[PDB]
Structure formats: structure tokens, C-alpha cells
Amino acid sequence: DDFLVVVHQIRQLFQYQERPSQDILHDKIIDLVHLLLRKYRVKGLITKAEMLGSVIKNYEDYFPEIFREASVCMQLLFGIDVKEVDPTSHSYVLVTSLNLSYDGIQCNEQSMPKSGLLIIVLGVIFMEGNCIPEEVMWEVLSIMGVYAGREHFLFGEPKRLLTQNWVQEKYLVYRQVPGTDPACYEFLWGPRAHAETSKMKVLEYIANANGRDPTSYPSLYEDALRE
């Protein structure tokens, strides 16, 4: 599909409790996202001068917009943050969002970062009160085009990714629901999730996705303070 379509759908997904068009600027944002993904993989530094030279060229006057849109894509789609390390040379580095120690690449140049989807899953569990029926998780993920039993063009097979990979990584718990027979399944945060982030940091990420303040999620804000 399209990186920016999926970004738009991720912002919809986070509003579940309440479209990009093809032009030159769209192409310049995708090309920059590709360049930023290349630098992330080798922890390469990138400058504003490199971004102009290799991608922006004759759209220098749209640089602020293209960089902002590309930076939003890197975060919400790939869980990569763009951080300024030198204001004078306009030098930036690419690090994993919420400082998670996982991106699912594992020195593999096919693989797309999975930290974006991991943060969304942790968010959704949080959003449903820190324990979510499996079927409700799949319903919410359907909003961003992620489906159990279907190969996803960025993230691979989500059913295995959530119930296997992220259980073995201890980001998630996936278990039989107590009192159910025959058996239903639920997700919670795993111990690595609690060790690497907090409810309030995840609420801020969620809120920021749609330009909203965390306080505008009153129940989730109160739950995040209970920590």
C-alpha cells in the first residue's frame, strides 16, 4: 500500500473511541522516509544539507512540511523518532520511539521496523483498560489494515508477531481468559513493556498522534497516574 495512507489510518485507529492524495509532495515525503530508514539501519547521522541534496532538490521552500510529514511517518508507522544532535549543522539521528530496546529488524535489510506497530498494540491494550479480548484487538487493528492470518506488506503475519514474537520478547502477555470454556484469549502488557515505558508515556504518544493533549483522554489520564 502507501506509507502515508497507513499513517492516516493509524491516526483514525487512535480515535476509535470517538485521506492522503498522490502529488509531488507525497513522493518527496516517501523518498525522504526511505532515506531516513537507510540512516536508521546504520545509525548514520543525517543533515538538512544531505536531505536537500539527495531528496528535496527543487522543493527547498517545502522543506519544513516534507520533513515534518516524513518525521510523523517514521514515528507512527515505524516507531523511529528524529532527534536533533546539532542545531548549527542541522544534524539529526534516528532512535527508537519511547526508547524501546526492540525494533524487530535484527540486522536484516529486507525487514521493516516493527516498533511502530508494537507501540500501537501496547497503546490499544492500555486504551481498553490494560486487558483486551483478542477479538477486540483485531477489530481495532483492522482500522490500519492489519489482519490476523494475512501477510502485511510492512509487518508480516500479525497473528504470529503478536501471539509469538512479542510474547517471546516479553512485550506482551497472551493468555486464556479466566472463567471461559471453551477458551477465549486476551492481551496484556508484558514485563518488558512495564520496564521500558509507562502508561503516561504511551498516552502522550497516542495524544500527540492527533495533536491532542493527554488530559483530553480523562479516563486514560487518571489510569496512567495510578502507576
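Note that residue numbering begins at 1 and tracks the sequence as displayed.
Per the record, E18 and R19 are separated by a gap of 4 to 9 residues from the deposited sequence that were not modelled. The mean C-alpha temperature factor is higher for 103-111 when 145-153 and 103-111 are set side by side.
Taking the PDB entry as given, 20-28 carries the higher mean Cα B factor of the two stretches 7-15 and 20-28. Looking only at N130, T88, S97, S71, the residue with the top Cα B factor in the deposited structure is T88.
As recorded in the PDB entry, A183 shows the highest C-alpha B-factor of the residues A183, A195, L188, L161. In the PDB entry, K170 places in the lowest third of its chain by CA B-factor.
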